[PDB]
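Trainee: Before I ask anything, here's the sequence and the deposited coordinates:
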Number of protein chains: 2
Amino acid sequence: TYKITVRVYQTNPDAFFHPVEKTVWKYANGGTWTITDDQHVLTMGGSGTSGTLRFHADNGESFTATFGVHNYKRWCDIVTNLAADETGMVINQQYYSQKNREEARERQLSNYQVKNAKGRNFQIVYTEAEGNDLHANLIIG
Amino acid sequence: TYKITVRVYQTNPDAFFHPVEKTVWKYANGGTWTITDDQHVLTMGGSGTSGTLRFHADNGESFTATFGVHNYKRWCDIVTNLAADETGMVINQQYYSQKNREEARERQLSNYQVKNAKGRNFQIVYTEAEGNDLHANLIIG
Ligand SMILES: CC(=O)N[C@@H]1[C@@H](O)[C@H](O)[C@@H](CO)O[C@@H]1O
Ligand SMILES: CC(=O)N[C@@H]1[C@@H](O)[C@H](O)[C@@H](CO)O[C@@H]1O
């Protein structure tokens, strides 16, 4: 089993994001998104799968944060500027079919940040980046 | 916009189900799964999409409950006895690719029930079953 426990930090009162979708990819016997003490917990059956959280703000901004384990190490990626047909389940699957997404996954990043077209920054940092009980902060700018 | 507000009723203390995944299909400008007063709310950009909730009990049982709108009329379906590679996002997409699932959607049911292999009943009943503001009970036996 691998577990990724995500704490969401919102740093910027000019918006408020909330989770609108939580998906689990089918490899490695799948897994679950649960909630413990306000943290999003992705539990997976082994290495090689992942799960996507999609967040939406009132003003129409949105992003996906995806977390998983590739070759026994954590990975993460953020996709923003989402098209109206890019739901979380679309994004999640693309990590196993679309080359640019596959490559992002295979980099096994413990830390990644990117901005949307409005200039808002989004960041994932694993504070526990080793072993089977992984912990990450999702930091919204 | 179409909205489907879902109330979950668990009636049998021999199990406890909890939501482990919530997906939104890409058609009709997608949508969101939000929470209001312990109710799961699927808000969709128009007719022709859906979203899936997957529930797991710690005794191993699981199922998906899918809710959507097809040619302006609500639909629903439940899939039980899930394989370990049948996550909610796999199931949700099957309503637009796998014949038996497409047919279930096309039925435009205001209510649907099915039992799993252990004999547990699962039912969806739309108590507000017309118009753009739809309300459904998900009743676990
Ligand atoms: C602005 C934006 O969302 N860029 C994303 C990038 O962060 C991500 O690594 C990628 C591959 O999945 O596709 C996009 O380039
Ligand atoms: C036991 C069980 O899950 N049966 C289902 C049924 O509920 C359903 O509507 C369908 C089409 O999606 O697939 C399966 O036949």
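Mentor: Now that the structure is in, tell me what you want to look at. Numbers count the residues shown, from 1 in each chain, chains lettered A, B, ... in the order given. Ligands and ions are numbered 1, 2, ... in the order given.

Trainee: Which strand residues bridge residue A:63?
Mentor: For residue A:63, the beta-bridge partners are residue A:55, residue A:80 (DSSP bridges).

Trainee: any idea how far it lies from ligand 1?
Mentor: Between residue A:63 and ligand 1 the computed distance is 7 Å (Cβ to the nearest ligand atom, to the nearest Å). Yep, even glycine has a C-beta here, placed from its N, CA and C like the rest.

Trainee: Same check on residue A:78?
Mentor: Counting by Cβ to the nearest ligand atom, the gap from residue A:78 to ligand 1 is 5 Å.

Trainee: what packs against the secondary structure element (helix or strand) that that residue belongs to?
Mentor: Secondary structure from DSSP states H and E places residue A:78 in strand A:73-80. When contacts are defined as 3 or more Cβ pairs under 8 Å, 6 or more residues apart in numbering or on different chains; DSSP states H and E, strand A:73-80 packs onto strand A:62-70, helix A:99-106, strand A:111-115, strand A:121-128, strand A:133-140.

Trainee: out of those, nearest to residue B:104?
Mentor: strand A:62-70 (28.2 Å; Cβ to Cβ).

Trainee: Pull the contacting residues for residue A:121.
Mentor: For residue A:121, the contact set (Cβ atoms under 8 Å, 6 or more residues apart in numbering or on different chains) comprises A:113, A:114, A:115, A:140, A:141.

Trainee: Name whatever forms a beta bridge with it.
Mentor: residue A:115.

Trainee: What's the separation between it and ligand 2?
Mentor: From residue A:121 to ligand 2 the distance is 42 Å (Cβ to the nearest ligand atom).

Trainee: Quick check: residue A:93 is in a strand.
Mentor: No - remark: residue A:93 does not belong to a strand; assigned using DSSP: H, G, I helix; E, B strand; the rest coil, it is helix.

Trainee: Now do the same contact list for it.
Mentor: A:25, B:89.

Trainee: Please apply the same query to the one 10 residues further on.
Mentor: Under the criterion of Cβ under 8 Å, 6+ apart, residue A:103 has no contact partners.

Trainee: Could you do residue A:6 as well?
Mentor: So residue A:6 contacts A:39, A:40, A:41, A:42, A:53, A:65, A:67, A:136, A:137, A:138 (Cβ under 8 Å, 6+ apart).

Trainee: Also within reach of ligand 2: list those from the residues you listed.
Mentor: Subset of these in contact with ligand 2: empty, counting by Cβ under 6 Å from any ligand atom.

Trainee: Now residue A:17: closest residue in space that isn't a chain neighbour?
Mentor: residue A:55 (4.2 Å; Cβ to Cβ, 6 or more residues apart in numbering or on different chains).

Trainee: what's the burial count for the one you found?
Mentor: 23 (other Cβ atoms under 10 Å in any protein chain shown).

Trainee: From residue B:41, how far out is it?
Mentor: Using Cβ to Cβ, to the nearest Å, residue A:55 is found at 16 Å from residue B:41.

Trainee: packing partners for the strand or helix carrying residue A:23?
Mentor: Element membership of residue A:23, judged by DSSP H and E, is strand A:17-24. Where contact means 3+ Cβ pairs under 8 Å, 6+ apart, strand A:17-24 is packed against strand A:2-10, strand A:31-36, strand A:39-44, strand A:50-57, helix A:88-94, strand B:17-24, strand B:31-36, helix B:88-94.

Trainee: Residue numbers of chain A in contact with ligand 1?
Mentor: So chain A meets ligand 1 at A:77, A:78, A:79, A:80, A:81, A:100, A:101, A:104, A:114 (Cβ under 6 Å from any ligand atom).

Trainee: Just the buried subset of these, written out for PyMOL, thanks.
Mentor: Remark: buried members of the residues of chain A next to ligand 1, expressed as a PyMOL selection using 16 or more other Cβ atoms under 10 Å in any protein chain shown:
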select buried, chain A and resi 77+78+79+80+101+104
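
Trainee: Out of the residues of chain A next to ligand 1, the closest to ligand 2 would be?
Mentor: Taking Cβ to the nearest ligand atom as the measure, ligand 2 lies nearest residue A:101 of the residues of chain A next to ligand 1, at 28.4 Å.

Trainee: For chain A, what lies in contact range of chain B?
Mentor: Listed as neighbours of chain B in chain A under the rule Cβ under 8 Å from any Cβ of the partner chain: A:18, A:20-27, A:29-34, A:45, A:54, A:56, A:84-90, A:92-93.
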